[PDB]
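For the record, the sequence lines run as chains A and A'. A prime marks a further copy of an entry chain.
Counting in the authors' numbering, the first sequence runs from 27 upward without gaps.
Counting in the authors' numbering, the second sequence runs from 27 upward without gaps.
Note that beta-carbon positions come from the ideal geometry of N, C-alpha and C, so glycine has one too.
Each remark here refers to the structure printed beneath this line.
2 protein chains.
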Amino acid sequence: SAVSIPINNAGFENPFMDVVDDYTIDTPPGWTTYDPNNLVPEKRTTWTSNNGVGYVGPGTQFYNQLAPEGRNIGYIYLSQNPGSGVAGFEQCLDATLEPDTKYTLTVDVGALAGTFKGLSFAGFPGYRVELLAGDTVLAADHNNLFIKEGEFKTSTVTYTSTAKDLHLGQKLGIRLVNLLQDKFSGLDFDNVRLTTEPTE
Amino acid sequence: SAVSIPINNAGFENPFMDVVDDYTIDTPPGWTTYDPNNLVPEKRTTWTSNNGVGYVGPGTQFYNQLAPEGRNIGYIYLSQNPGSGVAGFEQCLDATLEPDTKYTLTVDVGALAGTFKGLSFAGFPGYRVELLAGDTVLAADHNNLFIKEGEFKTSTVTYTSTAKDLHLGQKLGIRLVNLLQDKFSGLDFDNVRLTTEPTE
Ligand SMILES: NC(=[NH2+])NCCC[C@@H]1NC(=O)[C@H]2CCCN2C1=O
Ligand SMILES: NC(=[NH2+])NCCC[C@@H]1NC(=O)[C@H]2CCCN2C1=O
Ligand SMILES: [Ca+2]
Ligand SMILES: [Ca+2]
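Here's what the structure looks like:
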């Protein structure tokens, strides 16, 4: 009975990656970089704040599972110290907020395990998954799931509109946010899904 | 196995109210007014932004149930227009963040039903329930439950610490927030509970 709203590059499968544990450092297509505190440079480099896709496939050295979906995850890595701000992915949809409708936003959240060239992947920065109408956060899961090194869990965000919602007709949106509340301050997302169902 | 952390005036039962549907307009004891955008006047009046307790007992004209707990609920009413900011209740606890511990914060959220002297109680401003360590929001439920006129639902907020959490030893805190994202822009809370359990 719930209808899916299509999401562009919903599984971070674009771009295609050939080598397990390789990654990009440029915003994945379908998404924009959400960067209210100007943490992410326009000219991207490894080992500085960035986002992109990572190939989590057979033989990965940094996870205890494959990607939740397909080959790739999407990641946001912030090198600034905890407390410096929040950043992540945003996607504004063509779909608009409808009255007497329940929205269900689901996304898998994970993080690296282990260490790399002296940088520990122990610890987690906190995540927030947001459903938007216009620039309003209708509903969000601020860090309620415990995200273990190298593993993913599914976040569920729900919003129910009324017949007189202030935000009716505004574009729906999704944000996937690195809260930078601790280190290691990289975070992964995959398999974004959004459904709509009329209320009874 | 989960241990309760005591909360002062956890059910907004203080002060005691004699008459059903009567209310106070002063901060309930045990709590402070969270008011980052300076919406709430120090000199309180009815029909302006305020908070207090309300007696939701037999014969109430504005609910479809009694208070979730005891006689009273705690409310936050904001008369400013949607988008003006957020405000609510805060309580900072003596308890501090411990390592390898799961925290479970539960609170009932509700709102008035009907109308009063020309002001409609239709609509809802959005809620957020926050668990803090120091000034950090560890975990929050931003408006995931649909809160029907005159009824309450239970919000659950969870956080799991690590052995190296940045915020270990900082005071735990609770915020109960009116998001002022729509009107009618009054919101109720009751029956605040916080438990701790060691992780396996
Ligand atoms: N292949 C993956 N699953 N993820 C790639 C993560 C890349 C991300 N950005 C970087 O520049 C590297 C530097 C070291 C840690 N990194 C990160 O955490
Ligand atoms: N008795 C209750 N359950 N709630 C009392 C709510 C009081 C709160 N504050 C006020 O000043 C009144 C003005 C009209 C609407 N009010 C509100 O919503
Ligand atoms: Ca994927
Ligand atoms: Ca009570």
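Using a Cβ-Cβ cut-off of 7 Å, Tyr103(A') is close to nothing in chain A; its nearest Cβ partner there is about 17 Å away. At least one heavy atom of ligand 4 sits closer than 8 Å to the Cβ of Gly96(A'). One alpha carbon belongs to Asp52(A'), the other to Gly136(A'), and they sit about 19 Å apart.
Close to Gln207(A), with beta-carbon spacing below 9 Å, are these residues of chain A' in chain order: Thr162, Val163, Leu164, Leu192 and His193.
Contact check between the region 74-88 of chain A' and the region 100-114 of chain A': three or more CB pairs, one atom from each, fall below 8 Å, which counts as touching. DSSP, read as helix, strand or coil, puts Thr180(A) in strand. In the structure shown, the three-state DSSP call for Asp52(A) is coil.
For the pair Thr58(A) and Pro67(A), the Cα-to-Cα distance works out to about 13 Å.
When the five nearest sequence neighbours on each side are left out, the beta carbons in the same chain lying within less than 8 Å of the beta carbon of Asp48(A) are those of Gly80 and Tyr81, in order along the chain. Using a CB distance cut-off of 9 Å, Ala137(A') does not count as an interface residue toward chain A. Cβ atoms of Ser211(A) and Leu104(A) come within 8 Å of each other, at about 5 Å. Under the three-state reduction of DSSP, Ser211(A) is assigned to coil, being neither helix nor strand.
Restricting attention to beta strand (DSSP E) runs no shorter than 3 residues, the region 46-133 of chain A' encloses them at 58-60, 76-81, 98-103 and 113-122, ordered along the chain.
Among the residues facing chain A, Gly176(A') is not included, as its CB has no counterpart in that chain under 9 Å away. Taken from the Cβ of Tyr81(A), at least one heavy atom of ligand 1 lies inside 8 Å.
Around the beta carbon of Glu156(A), a 10 Å sphere encloses 16 or more other beta carbons of the protein chains shown; the residue is thus reported as buried. Within the region 34-61 of chain A', no residue places its CB atom closer than 9 Å to a CB of chain A.
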